[PDB]
Structure formats: C-alpha cells, structure tokens
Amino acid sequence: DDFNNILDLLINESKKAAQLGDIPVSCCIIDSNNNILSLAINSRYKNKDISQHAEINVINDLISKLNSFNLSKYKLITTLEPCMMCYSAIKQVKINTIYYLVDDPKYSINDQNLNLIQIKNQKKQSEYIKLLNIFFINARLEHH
C-alpha cells in the first residue's frame, strides 16, 4: 500500500537519530498482519559501531526477541534505502522484502527471494527528504 501510519511513526523516530549525530534513519520489521515486532534507529556514530545502522539494529532486536536467525516470515520497512552492509545482513536472516521510502543517491545485485520495493507515499517522502536535507546542511556546516 503506502504504509502512511507506520511511516508517520518512523519519520517521527528518526528525528531522535538526527539530534544525536547520525543520519536520521528509522525502520521496523513487521509480520504478515503488518504488526510491528521490532523498531530501531540508526546509532552508528552515537555508539561508535560501524554495524549499528537502523536496519542491523532492528534485525538484532528481533533475533533477540525470537532467539532465532531465521526471519523469513517477516518484512522490513525503512525510511531510507539500505546500504550494502545492511542489505546483506537482511538477506542473511532470510527476510524477503525491503520496503523503503527514499532511495539513496550515494553494485549489481542479482539476488532473489529479496525484493527492494519503493513505497509510494508522496507526502511522507517529501517530509522525509526535508528532514534528511536539514541533516546534511548541518553536516556540511560542521564539515567547514
């Protein structure tokens, strides 16, 4: 569909990540009934851990809850197209679908049982783009 309520929630969460120095990305994992089982934000720089993107964080939350590395029954929704580290972690726990809102400007993948699917929600996409733009502006100001 367009996940308007889940996206409202994720966009609200990611603000937290932006306040603390990380690209404001939030994401959740859902079961087939679209219930959220785990939610996480990006905390790579905040916790000085190369792996702590929102996607790997949410994967680890669910591994913890279910005591299992097999998430084949679940789908992932993120505000921003995942990097390749996260894409590979998502693949390695057998999640078959990644919904993302905003693709990443910054590989050639012929994987399957793994679809990367852009959510169409223009209002939410424009809102999240404005949040990211504010983050990057502050990024270049501190860069200089």
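Residue indices: 1-based, along the sequence shown.
Gap check for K106 to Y107: 1 to 3 deposited residues are absent from the model. With 30 to 38 and 49 to 57 compared on mean CA B-factor from the PDB entry, the stretch scoring higher is 30 to 38. Once the C-alpha B-factors are averaged per stretch, 108 to 116 and 95 to 103 rank with 108 to 116 first.
In the PDB entry, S88 places in the lowest third of its chain by CA B-factor. The entry lists a Cα temperature factor for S64 that places it in the highest third of the chain's modelled residues. In the deposited entry, the Cα temperature factor of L131 places it in the lowest third of its chain's modelled residues. Per the deposited record, the Cα B-factor of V25 falls in the lowest third when ranked against the other modelled residues of its chain.
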